[PDB]
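*Asks:* can you look at this? It's an experimental structure, sequence on top.
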Amino acid sequence: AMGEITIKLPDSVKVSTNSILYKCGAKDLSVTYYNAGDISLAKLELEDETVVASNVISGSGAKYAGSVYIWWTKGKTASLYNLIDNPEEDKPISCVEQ
Amino acid sequence: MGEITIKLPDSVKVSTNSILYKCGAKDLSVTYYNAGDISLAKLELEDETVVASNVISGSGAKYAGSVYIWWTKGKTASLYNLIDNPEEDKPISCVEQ
């Protein structure tokens, strides 16, 4: 019906948006990060669906949860976990920031 | 800037609805944003605003964002604080108004 999710915050909050290309083995993954204060969201443009995950607490790196996925970055690397196919969360897909 | 805008394919209908909860004596407004399988929840808590995303669960609708888990079932909800209560055993209970 409409091309957009709009989330309105206090007008004083600066919002940044940046798209980053990742390479997962031979495959490209486009991820967009939306940052507003402590709020951080990642739009993952996956093969069959688009997921919007939220940054959640972790010991290290920046971890995001959305739908059946965990997306977890550290440095120039990232791991994509699929909790349906791999509920053990031990066999993730590795990606490198371009 | 005041607003997060996330672009999606043009035929995706995005619905936005806010729901008032009461957690004991305290008010809590949650706005839900749904678009396809994407479900986000802005929680305007007492001292902070967070955005959680719907994540897989066995029952009800579970959302995770920041240090919180927000889990609705029917007319009720629980708010988990993984800092104050990492054990995840003392959630705050809320009812939809």
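*Replies:* It's in. Numbering: from 1, shown residues only, chains lettered A, B, ... in the order given.
*Asks:* for the residue of chain A found nearest chain B, which non-adjacent residue is spatially closest?
*Replies:* Here chain A gets closest to chain B at one residue, residue A:1, 3.4 Å apart by CB to the nearest CB. Quick note: C-beta positions are derived from backbone N, CA and C, even for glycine. In space, residue A:1 comes closest to residue B:13 once its chain neighbours are excluded; the distance is 3.4 Å by CB to CB, 6 or more residues apart in numbering or on different chains.
*Asks:* before we move on, back to that, check contacts around the residue of chain A closest to chain B.
*Replies:* B:11-14 (CB atoms under 8 Å, 6 or more residues apart in numbering or on different chains).
*Asks:* I'd assumed residue A:27 was in contact with residue A:46.
*Replies:* No. Assessed by CB atoms under 8 Å, residue A:46 is found out of contact with residue A:27, at 10.2 Å.
*Asks:* which of the two has more neighbours?
*Replies:* residue A:46 (16 against 10; other CB atoms under 10 Å in any protein chain shown).
*Asks:* can you count the residues close to residue A:83?
*Replies:* Counted with other CB under 10 Å, residue A:83 comes out at 15.
*Asks:* typo on my end, residue A:40
*Replies:* 19.
*Asks:* what's the helix or strand for it?
*Replies:* Using DSSP states H and E, residue A:40 sits within strand A:39-45.
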